[PDB]
Every structure is written in C-alpha cells, then in structure tokens.
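First the structure, in the form of structure tokens, and then the observations on it.
Basis: the model, the stated rules and, where named, an outside source; these are not laboratory values. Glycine gets a Cβ as well: all are built from the backbone with ideal geometry, and neighbour counts include every protein chain shown.
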Amino acid sequence: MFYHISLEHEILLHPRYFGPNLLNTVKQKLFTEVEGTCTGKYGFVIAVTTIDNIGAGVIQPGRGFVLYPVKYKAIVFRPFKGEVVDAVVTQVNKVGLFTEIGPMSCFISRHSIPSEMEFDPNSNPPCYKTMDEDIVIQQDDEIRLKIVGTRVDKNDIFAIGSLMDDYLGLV
Amino acid sequence: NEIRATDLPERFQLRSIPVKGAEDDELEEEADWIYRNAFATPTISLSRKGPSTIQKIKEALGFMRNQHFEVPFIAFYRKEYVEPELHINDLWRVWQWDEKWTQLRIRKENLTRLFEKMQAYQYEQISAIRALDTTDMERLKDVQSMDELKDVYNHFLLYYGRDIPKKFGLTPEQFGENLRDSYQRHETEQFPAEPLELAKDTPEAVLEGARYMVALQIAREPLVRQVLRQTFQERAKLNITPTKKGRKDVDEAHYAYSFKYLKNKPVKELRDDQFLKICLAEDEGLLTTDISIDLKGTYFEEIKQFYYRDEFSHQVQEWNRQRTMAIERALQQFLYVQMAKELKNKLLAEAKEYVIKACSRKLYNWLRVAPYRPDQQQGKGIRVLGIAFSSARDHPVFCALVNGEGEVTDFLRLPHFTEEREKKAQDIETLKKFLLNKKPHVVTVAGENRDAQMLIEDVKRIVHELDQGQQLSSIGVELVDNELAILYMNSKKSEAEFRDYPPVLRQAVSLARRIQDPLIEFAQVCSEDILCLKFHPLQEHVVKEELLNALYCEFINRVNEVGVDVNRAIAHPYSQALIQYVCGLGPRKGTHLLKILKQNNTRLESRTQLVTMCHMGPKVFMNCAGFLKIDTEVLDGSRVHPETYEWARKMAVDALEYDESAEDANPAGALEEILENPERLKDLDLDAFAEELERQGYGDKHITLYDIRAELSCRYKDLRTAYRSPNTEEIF
Amino acid sequence: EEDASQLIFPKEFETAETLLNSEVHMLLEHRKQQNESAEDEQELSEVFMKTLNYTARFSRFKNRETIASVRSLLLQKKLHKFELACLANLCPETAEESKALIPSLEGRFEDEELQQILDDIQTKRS
C-alpha cells in the first residue's frame, strides 16, 4: 500500500563538489540514490518527495570525504498479507493468471481459481469464461484480489493473489 | 498410441481441434466460412473462383473427416478441386477455412446458449428500457462477423452486468439505423423538456447524466460496431512520419523514420507491404510511430446530424443538444477506441501477413530438391565432394565427399601454402596430394570472402589441369555452394556421424550432403532446425507459428510429391527420419514405423507392407498410400494406391497391346517395374478410363488418369522443381 | 504474523501515513510536472515511468476537494487508519460487499452506518 513516511540517509561527498553548488549537489545525490528501490524493512520506495534537512557534514578523519545525514520524505509502497487490492490482468494462462499491482506483480493459479472460471485457449484471446459465457474475465481487466502471501526477492517484492473470496471480479 | 495405434493420422496440429472432423450439416457452412474467411483484406483466389473454391473447401473439408486425409493425401497432387484449387503443395491454408468454420460454430453455440440463459433469467425477473435476450439469436446467427460479436457482442452481453444466481434521447437501434443508413431518420426526445429533465427519477445536480447512459448504450451496440467497421480499415492511408527524437533515433531504418513526408502515405503501406506495417509497428514501440487515418475530420461529421433534433425551441434544441452531446460522449469512448483498435489490429495483421507470406514463399522456394552430385544426380550419383575449409568458413585445408545417401563419408587435405604471401607451389602440391588418392565425381566450396573465392578458383584449376577429378579426367573446385555444411555441420547428424573430426570436416560433410540429397538434409532434422535460417526481416515481428506452419506445410507437400524411400530410411543414417513430412504419416506414425521395421526386420517390399503386417491402420495407410515408396509390389514405389493398382495395371497392359493378366496370375500389365514407361499413349484415352472408373470404382478417373499413367511409367519421380545458379544468389 | 486483516502492523508502519490511490496520483503527476518542467533534466527511472499508470486506472476522482472529503467523512468515525484506504479506493457499493471483503468491518459497525460512509464515498465518485 502507498504510504508516506519520513526516512533518513547519510551520503558521502567528495571535495570536488564543495563550493557554491554544495548543498544543491547533496540534494542531487539523494534524488538519484534512494528512488525506486526496495528494502526488507520499509519496502518498495517509489520516490523521495522532499528533503527535510541536511545535518552538518562530518569531515572524515584521514580521507577527504564528508558525510551528510539528510532527512527526507518518501512515498513508500509496502504490501501486507491479507489486504484487498485492485489490479490489472496481464496474462491469462493455463498455469495461472498474471496481474500487476503497481511496481509489484502477482500471479494466480487455477488452484486459487474455483472451477467456474474455465480456460479459453481455443480463442485467440486467453480468457476465463464460465459455462454459459456471461462472466468474461480476460486480459486487461481491473480485477480485484487479496494478497495472501508476501515475498521479497533481492530488493524486489513479489506477492501472490487469489480468487477464493466472493466479489473478486468486475466491479 | 494416439499417433500410430488409432484409426489414422493426428499430426495436423494447427486445426485438429476446431476442424478435426466434419458432419453433413457443417460441410456447407465450413466451405462458406472458408470462402468467406479466405478473402477479406487481400484478393486471394479470385486458383478457382467463388463457387469452385467454396466447393473445393467444402469437398476437401468434408472429405478430411473420414480416414484423416490431408496434405499429400489429396491437396497439391492432382487436377481436381482440392481446396482453393491452386498449384501449392501444402493444404494447410485450405484447411484453415474448415478450422475457422469449426471454431466459429463452437463460439456461436456457446454464445447462443449463454444468450438463452440470460434472456430467460431477465424475462422471469421482469414478469414476476430493460435489457433482454434478443441479442442472443442475432449473435449466435452471426458466426462470420466475429469482431461484430466482440465490439457489439461484448457490449450487449457485457452490458447486462454479468451478475446472477444462475428514456434519454434517441434509442441505440434508431441511432444505429440512422448512423448506418447515412441519414438520421429519427431525432432525439422532441419534447419541451431539456436533457436534465430525465435526471429526476442526477443526485449531484448534473446535466451529464444522460450522456453517460447514451455513450454506454452506443459503445456496446452491434450496429455501431458494424457501421464503423470496414470504412476506415478498408481505406485509410498509412500516414506514418518521424517524431522529434525518432527522426534521429530511427535514422530511416523503420517505417516512421524513413519518411518525414509519410503523413501523406498510401493505404497499401501496411496491408500490401509487410515492411511498412512492420516498421510502423516496431518504431512505435521504443521511440514513436506514425499511424493515423486522417479521414475522421470527414467521417465523424455526417453522423452528428443524425439522432439529433432538427428544431431548436428548447424542445428540439434540448433534444438536439442532448443528441449532439450524447453522440460526442459515445463517439470518444465507443467510436474512438473502436477505430483506434481496428486500425492497430489491421496494421499488425497486415505486417504479419506480409512477413508470413515472404517467409513461406522463401521457404518454399529454398526447400526444393537439387543435389550437387555429378551431372546433378557410373552406378547412380557418387562422391559429391568439396572444400569446407581453406579460404572458406572451415579452418583445415582440405575436402570431404558426400556419399549420395546422406552427408560426407570421407575426407583429406594438406597444409601447403597458396601458408604465406611468398608461396606458389604449396597450395597446388596440397591440392594434388588430396585429389590424387581419392576418386571423386564433383566439387564445391564453403566460401566467405575474397580469399575464399581465390582459393576455390586456384584449387579448381589445379584439379582441372592435373586430372584430379577422376584420376583420368578433369575436375576441381568452383563457386558451387559448400555453405550447406555451415548449419548442418554443427548439427546432431554431423556430430553423431563423426565426433573426432574438426569443424572443417563437419562443414565438408554438410556441403557434400547438399551434394548428395538436400531432401535427406531437410527431413533428417527437427521441425527448430528450419527456423535458424532467416527468411525475411519482417518475419521476426510476425508470429513464428505462421512461418513454422508455412514451412511445415511446404516441406510436407514437397516430401509427399518428391517420393519417400522405404529402404533409404532403414540402413543409411543420413536418409532416415524422412517419415515426418509425409501425407497421413506425422511424427508418431513415422517414428513407430521406423522402430518396428528396424526391430523386426520388416523391409519395404511394397506399399502394402504397413497394411499387411498390422503396423499401420486403414485411415493412415489409405491417406499415406501416395507417399510411401519402396525399392522393389512393382507399383509399390510410386504414387499408386491399392485402389488404383488394377486400373493402372490394366492401362499399362492396354497401352502396349499385351496385358493379358487381370491384375494377378497373368502376363504383362503396367506394374512390372518403375524404370520404364508404356509403349503407346494413344491406346489409353482419358474418356474410357473416366467412364470405367465412375461405374466400377465409384470415382471419376479424369484428374487421376495422368498421375496413374505417370506413376506406372516413372517410379520415384518428384513433382517439385529444385536447383539454381551456384555463381549467383543460388550459391553465393 | 503480518496480516492487515486482523489489523497488525509493525511499529515502523503503525505511525505511518496512509494514502489513497487517487491521492498519490496527484503527488506522482506533480513530481512528473516538477522535473519535466525543468530544462537540462535527466530522464526519470523506469520505476517512476511504470507506476504513474497504476493510480490512473483507479482514479475514483482527480479533484483536490475529494482527496480530502473521503478522508474527513471517515476520520469523524472511529475507524482504524488502515481502514482508510482500502475502503476509499475500492468504493464497495454496499457495506455488505465491504464486510465480505474486509473482515474487520464485520461486527465493527452498524451495516447502515458503514453503508452511509460508503454511499457518501459513492456520491464522491466521478
């Protein structure tokens, strides 16, 4: 889920970047450090929205670097298990359906699909129709889901969706 | 057990579900579907005409459901109305009408069942403007207009909302009949109320309530999906031009990058040319692409007066304003998205079809038979040798000879310098030492540059001027294409046939097997092995199944017309695995036949070896009777089936004035051997055989008479032309 | 253990600020506006480019007033912060759908109270 939190970061700066553009350069270094990343603590940060303050840069003894504890505001995207979200249907396959939850994608097996939604591989479009062909659930449809398990893969979130709950379809 | 233990064939994997059997009632519908589906965008088969192509698709599609007969089992081998009636050896495009008719019937039946269930539920709730079941029969009846069942079928069937236990302006039908009639005969609500007076049955105070309902009703309509369709997709110009970065990002390599003035581009730019559609579809993916009709500003102006009120006194003005506002709300959703989706689908399909036709044409033109043997073949054929190394793509300085029954079976060479630039006797001494100790009949080279051509010409002179061709006769290298060892040399046949040899020997064996039998080189590989050869640059943006089906149908048709040797797939490792592209013998039937004939000592004595021994089933053996040939039944090595043996033997005895045997126990007849033709062609007329086969045999012997006469006169003779110029693009 | 169904969130995340799907859309598109309105600017990351669409598909409204109102009508009641977004994105057409979807609404409220929160949300919907 999309959240807003205050985060913190400490960045290293080389002496060539001193002079009148210094604290501008500190802002540039953060904007291209912590954007679009993910963590096992906070999760997938979409962007840094603003910088709160720069803590005074502590000159490193021995080496010419200085480190700048910059506090910043971040829109973070952390899914939790059991949350009920909307998504778009990406790929309809006999092994499972693929969706996309913003920066994070999910996948739904026929196991999680009750037997009503049968396969449609004979058709040009892979869909999941029913026996009477009334409820048409194909690719590129705003199909709700429920996150039933989370998984982080090396700075990469990968949840898993399901279709067990009622009212999990077209609005 | 489903590939060789059933009643017949199952290898037709492109259509065996939707079109896998034909009933009586569906034969006319499938033939109409094939004739109606087979010509939509391009003028194809305008080949027989409309009635002859509809009866060729109906007669071939209704016939393939008995015994499994297809491909070399009747299409691409005779003078009759097989499918579309064209000269092509692959039937997979004529069976497309049968598969399409069967897929359309199945879809229409499911949708009709759905429409009946929904109509019953809505009627039972309504009696115990409303949505009704009246689209279910109209949709289930329209099997040909599948896309009408998508934009209008999905707008009417999705417009019910899909939930169940199991007066605002003009109507959709009137607006549709007025918009599709080119004159809006009915106006909007001609009453003294405005568009906002119907919101009192919106809760936000908004005049935009009726415009959304009108757009939702308009965008789901079958009538608008038909009315908008084929007006711009039939006739829009391909106006593709470069972007700000795309004019620099492309650099005139794609359809959008090549033409800065392409905003005036012709309507053939993606439907007649594959490259323009492929470039417009590929350039649009990364940088940008130019795809626009420019015909709506005037295609959308004439529909705005229809369904609107003609007066304006706050009665007709409100109705006319409501009609105009609802038409503008419904056009941007329904008409805008529908027009964009049809233009995009048409461009992709046109580019894919051009690429698929180019790839299928290139594969059919290159797949033909012309072995590089002596004179094109004392005995038969011989050592089809050549240099795979030297100045070409292979490293070692030497040559390998193809054995006629497969690739190369021997090789030799010598490191003598043509090496360093100061030497003139070294290359000639190596060429003489290799050519003097080996009895060839022919030469070729796997060239790759200016030094490869010079080394081939020098070796050809040293071989021709020294009598190194036959040790008492001239012969050496040239421009003949040794490059067939480039892809077949690194293959599983070249690696299993010789594992201690280098890549120069593998390339020489590949080149010498193009010199022995490229039909055995084509049939001895998987088909993965045919897709490594590029056929066009616009085939990569196309779906690969179309080129694989085109190549597979062309290869199956060329194998069914060129003859399959029964004895050649038993002993020779390079002639085996040829039972894959035969009519009524797909991978499973052919593989089971090879295993049973090698494990049991079953030899190819005649064409009834798979019918007599219980290895094959009546349907696969009847549909495959025209493709299986043997070395010895004397009509067993030809295209003569078991049912035509009596008529062909009787014709061969009647054409010579000496066939006293009645098909068995008697002198003469046409079946006595495949190497010689009958002595009299004026004795066997076509009218007598066509009249005798219609009354005793139950079939017209008009189109079959020439093939029956030729199969008795010339056994094992291929129907497809092959070869080319080795010094031009056929070998360089 | 982490299940938002039973409303259990880490301490790092309990104090967190929830966001609406339509709300973040304004934040992201304004960030796009700030940077694209700068000359001499490097191209934004593929992560930025692949997310702007997601919230666009689900824009129940754009308007800066409705960004506040679906929050104010909710905060007045005794709902969790977690409930704030799930109920304001989905816009369940009835309390029954919401209580089926959301296990925490079951017994939490009168159905008619929760239905009026959801009806106020539906009447905010563009």
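Assorted remarks:
- In the range B:435-458, the residues that are acidic (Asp, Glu), surrounded by 14 or more Cβ atoms within 10 Å (Cβ to Cβ) and assigned to a helix (DSSP H, G or I): B:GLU457, B:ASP458
- Selection status of B:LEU347, buried (at least 23 other Cβ atoms within 10 Å of the Cβ) and more than 30 Å from B:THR289 (Cβ to Cβ): no
- Single unsatisfied condition, A:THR99 versus (1) within 12 Å of chain C (Cβ to nearest Cβ); (2) among the polar types (S, T, N, Q); (3) under 20 Å from B:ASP163 (Cβ atoms): (3)
- Residue within the range B:293-301 that is surrounded by 18 or more Cβ atoms within 10 Å (Cβ to Cβ) and among the hydroxyl-bearing types (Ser, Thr, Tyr) present: no
- Here the helices (runs of 4 or more DSSP H) wholly within the range C:37-126 that include at least 1 residues being within 8 Å of chain A (Cβ to nearest Cβ) are C:46-49, C:52-57, C:83-89, C:95-101.
- Filter result for B:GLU672 (over 25 Å from B:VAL564 (Cα atoms), of a type in the set (D, E, K, R) and either part of a loop (DSSP other than H, G, I, E, B) or in contact with a helix residue (DSSP H, G or I) (Cβ under 7 Å, 6 or more places away or on another chain) (or both)): no
- For the range A:73-82, the criterion of being touching a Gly at 6+ places or on another chain (Cβ under 9 Å), within 10 Å of another protein chain (Cβ to nearest Cβ) and either more than 30 Å from C:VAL24 (Cβ to Cβ) or part of a loop (DSSP other than H, G, I, E, B) (or both) is met by at least one residue.
- Subset of the range C:2-29 that is part of a helix (DSSP H, G or I) and facing chain A (nearest Cβ under 9 Å) - its residue that is surrounded by the most Cβ atoms within 10 Å (Cβ to Cβ): C:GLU23
- Filter pass, B:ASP410 being under 13 Å from B:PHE398 (Cβ atoms) and of a type in the set (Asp, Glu): yes
- Counting only helices (runs of 4 or more DSSP H) wholly contained in the range B:195-271, the ones carrying 3 or more residues that are closer than 19 Å to B:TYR159 by Cβ and more than 34 Å from the chain's Cα centre (by Cα) occupy B:209-219.
- Options A:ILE101, A:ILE46, A:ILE75: the member that is assigned by CATH to the domain that holds A:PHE158, among the hydrophobic types (A, V, I, L, M, F, W, C) and under 24 Å from C:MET49 (Cα atoms): A:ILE101
- Cβ separations smaller than 6 Å between residues 6+ apart or across chains give the following pairs from the range B:682-696 residues that are in a loop (DSSP other than H, G, I, E, B) to residues that are not charged (D, E, K, R): B:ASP683/B:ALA655; B:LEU684/B:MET651; B:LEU684/B:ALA655.
- For B:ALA351: the one exception among (1) of a type outside the set (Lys, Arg); (2) within 21 Å of B:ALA256 (Cβ to Cβ); (3) not in a helix (DSSP H, G or I): (3)
- Filtered residues of the range B:569-621 (kept if surrounded by fewer than 21 Cβ atoms within 10 Å (Cβ to Cβ), aliphatic (A, V, I, L, M) and assigned to a loop (DSSP other than H, G, I, E, B)): B:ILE570, B:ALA571, B:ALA577, B:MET613
- No other residue among A:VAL26, A:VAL34, A:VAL66, A:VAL58 is hydrophobic (A, V, I, L, M, F, W, C), exposed (fewer than 13 other Cβ atoms within 10 Å of the Cβ) and not assigned by CATH to the domain that holds A:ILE157 apart from A:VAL58.
- Count - residues of the range B:396-432 that are within 20 Å of B:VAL509 (Cα to Cα) and either in a loop (DSSP other than H, G, I, E, B) or not small (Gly, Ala, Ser) (or both): 21
- Where A:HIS14 falls short, out of the listed (1) surrounded by 12 or more Cβ atoms within 10 Å (Cβ to Cβ); (2) away from chain C (no Cβ under 14 Å); (3) out of contact with any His (no Cβ under 9 Å at 6 or more places or on another chain): (1)
- Restricting attention to the range A:43-62 and to residues that are part of a strand (DSSP E or B) and within 14 Å of another protein chain (Cβ to nearest Cβ), the residue that is farthest from A:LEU23 (Cα to Cα) turns out to be A:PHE44.
- The set of residues in the range B:191-202 being crowded, with 16+ Cβ neighbours inside 10 Å and not aliphatic (A, V, I, L, M) consists of B:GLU194, B:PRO195.
- Every residue from the range B:134-161 that is surrounded by fewer than 18 Cβ atoms within 10 Å (Cβ to Cβ) and farther than 19 Å from A:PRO125 by Cα: B:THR134, B:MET137, B:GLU138, B:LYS141, B:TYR159, B:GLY161
- Checking every residue in the range A:149-158 against the condition of being touching a strand residue (DSSP E or B) at 6+ places or on another chain (Cβ under 9 Å), under 21 Å from C:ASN53 (Cβ atoms), more than 13 Å from chain B (Cβ to nearest Cβ) and of a type outside the set (A, V, I, L, M, F, W, C) gives at least one match.
- B:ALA120 of a type in the set (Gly, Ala, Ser), within 14 Å of another protein chain (Cβ to nearest Cβ), over 20 Å from B:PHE63 (Cβ atoms) and out of contact with any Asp or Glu (no Cβ under 8 Å at 6 or more places or on another chain): no
A quick yes/no check of all residues on (1) under 30 Å from B:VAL477 (Cβ atoms); (2) aromatic (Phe, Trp, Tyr); (3) surrounded by fewer than 16 Cβ atoms within 10 Å (Cβ to Cβ); (4) over 35 Å from the mean Cα position of the chain (by Cα):
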position: B:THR644; (1), (2), (3), (4): no, no, no, no
position: B:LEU656; (1), (2), (3), (4): no, no, no, yes
position: B:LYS682; (1), (2), (3), (4): no, no, yes, yes
position: B:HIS702; (1), (2), (3), (4): no, no, no, no
position: B:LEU705; (1), (2), (3), (4): no, no, no, no
position: B:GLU711; (1), (2), (3), (4): no, no, no, no
position: B:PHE732; (1), (2), (3), (4): yes, yes, yes, no
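- Scanning the range B:136-167 for residues that are among the acidic types (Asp, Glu) and either closer than 15 Å to B:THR112 by Cβ or in contact with an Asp or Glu (Cβ under 7 Å, 6 or more places away or on another chain) (or both) yields B:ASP136, B:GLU138, B:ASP142, B:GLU148.
- Unique residue being in a helix (DSSP H, G or I) and surrounded by fewer than 20 Cβ atoms within 10 Å (Cβ to Cβ) when the list is B:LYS108, B:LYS58, B:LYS100: B:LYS108
- Filter result for B:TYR81 (closer than 30 Å to B:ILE356 by Cβ and crowded, with 21+ Cβ neighbours inside 10 Å): no
- Residue count for the range B:87-105, restricted to those that are under 19 Å from B:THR135 (Cβ atoms) and facing another protein chain (nearest Cβ under 7 Å): 0.
- Any hit, the range A:108-118, residues being more than 9 Å from every other protein chain (Cβ to nearest Cβ), under 30 Å from C:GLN6 (Cβ atoms) and assigned to a strand (DSSP E or B): yes
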